[PDB]
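Peer 1: Handing you this structure, nothing more for now.
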Amino acid sequence: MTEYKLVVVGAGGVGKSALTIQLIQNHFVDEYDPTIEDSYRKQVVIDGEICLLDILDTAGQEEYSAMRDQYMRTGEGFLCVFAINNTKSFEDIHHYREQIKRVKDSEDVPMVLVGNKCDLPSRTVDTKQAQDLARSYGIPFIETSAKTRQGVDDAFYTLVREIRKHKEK
Ligand SMILES: Nc1nc2c(ncn2[C@@H]2O[C@H](COP(=O)(O)OP(=O)(O)O)[C@@H](O)[C@H]2O)c(=O)[nH]1
Ligand SMILES: [Mg+2]
């Protein structure tokens with residue numbers, strides 16, 4: 001069966017680890033070592049196709065590790081994550097998209113913009129802002145909550161759909 005290599009990137013503390021653990025293990029972790037970068041694997045059914053997901057949950061401390069460049073070169077799709085209560089994390093998104101495009105040496109890279117923590121009442125990044133950004137990038141935008149599981153499957157599954165279309169060119 002097809003294996004899709006997904007990489008989750010974003011500013012520290014936006015919920016990259018919580019989103020992945022919720023997707024893989026169906027539970028909300030409220031504190032996960034922020035220096036730990038690992039890979040998680042899950043078999044899922046997306047649009048009737050059985051496939052395997054290999055997800056890399058990046059950590060900022062591990063960026064200049066020997067394996068980061070391998071997982072970056074091997075990654076087919078990227079989840080660009082920000083938190084809706086973190087204005088700076090949203091403002092940083094452009095750096096991550098630029099880095100991925102630079103490494104892939106490609107303008108068109110399968111990507112999805114994710115606004116995490118949508119369960120929280122305090123929101124400093126409005127949905128209109130993220131929608132405008134994703135539309136200018138030509139990528140989907142999905143609101144998620146690792147706590148309540150809202151949008152978690154949709155975020156990862158859409159990235160898989162983005163990967164499939166890129167393959168069919
Ligand atoms: N309320 C809420 N808190 C979250 C959500 N996602 C992550 N968090 C919390 O935000 C903090 C940082 O999460 P973490 O996964 O370690 O972020 P990371 O540094 O990107 O890996 C942790 O305390 C999480 O419990 C969410 O969807 N809702
Ligand atoms: Mg983490």
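Residue 169, in the deposited numbering, is where the sequence shown stops; the numbers in between run on with no holes. Virtual Cβ for every residue (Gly too), placed ideally from N, Cα, C.
Which residues in the same chain as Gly10 place their Cβ atom closer than 7 Å to its Cβ, once the five residues preceding and following it in sequence are excluded?
Peer 2: Walking along the sequence shown from the start, residue 10 turns up at place 10. Correct list, in chain order: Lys16, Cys80, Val81, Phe82, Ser89, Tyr96.
Peer 1: Following the continuous alpha helix (DSSP H) through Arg135, name the residue where it begins and the one where it ends.
Peer 2: Within the sequence shown, numbered from 1, the residue matching residue 135 stands at position 135. Start and end: 127-137.
Peer 1: For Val7, I'd like the list of residues in its chain whose CB is within less than 6 Å of its CB, leaving aside the five on either flank, ordered along the chain.
Peer 2: Against the sequence shown, residue 7 aligns to sequence position 7. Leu56, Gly75, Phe78, listed in sequence order.
Peer 1: Please state whether DSSP places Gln61 in a helix, a strand or coil.
Peer 2: Start at 1 with the first residue of the sequence shown, and residue 61 comes out as number 61. Here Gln61 sits in helix by DSSP.
Peer 1: Which residues in the same chain have their Cβ closer than 6 Å to the Cβ of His166, if we skip the five residues on either side of it in sequence?
Peer 2: Along the sequence shown, one-based indexing puts residue 166 at 166. So the qualifying residues of the chain are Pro110.
Peer 1: Within 7 Å: the Cβ of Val9 and any heavy atom of ligand 3?
Peer 2: This structure does not include ligand 3; its bound ligands are ligand 1 and ligand 2.
Peer 1: Specify, as a first and last residue, the run of the beta strand (DSSP E) that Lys5 falls within.
Peer 2: Position 5 of the sequence shown, counting from 1, holds the residue named residue 5. Counting along the chain, the beta strand (DSSP E) containing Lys5 begins and ends at 3-10.
Peer 1: What residue ranges within the segment 9-86 form continuous alpha helix (DSSP H) runs of no fewer than 4 residues, ordered along the chain?
Peer 2: DSSP runs (the alpha helix (DSSP H)) wholly in the segment 9-86: 16-25, 68-74.
Peer 1: I need the residues with a C-beta less than 7 Å from some heavy atom of ligand 2; please give them in chain order.
Peer 2: Chain-ordered list of matching residues: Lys16, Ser17, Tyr32, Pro34, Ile36, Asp57, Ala59.
Peer 1: Just confirm the distance between the C-beta atoms of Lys147 and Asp126, as a whole number of angstroms; I'd bet it's less than 8 Å.
Peer 2: Taking the sequence shown and counting its residues from 1, one reaches residue 147 at position 147. Taking the sequence shown and counting its residues from 1, one reaches residue 126 at position 126. Contact flag wrong, Cβ pair sits at about 20 Å.
Peer 1: Between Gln22, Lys5, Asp108, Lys128, which has its C-alpha nearest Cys51's C-alpha?
Peer 2: Taking the first residue of the sequence shown as position 1, residue 51 is located at position 51. The residue with the shortest Cα to Cα distance from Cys51 is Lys5.
Peer 1: Does DSSP put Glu98 in a helix, a strand or coil?
Peer 2: On the sequence shown, residue 98 is found 98 positions in, with the first residue counted as 1. Three-state result, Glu98: helix.
Peer 1: Apart from the five residues on each side of it in sequence, which residues of its chain come closer than 6 Å, Cβ to Cβ, to residue 171?
Peer 2: Look at the range of the chain in this structure, 1 to 169, and you will see that residue 171 is not part of it.
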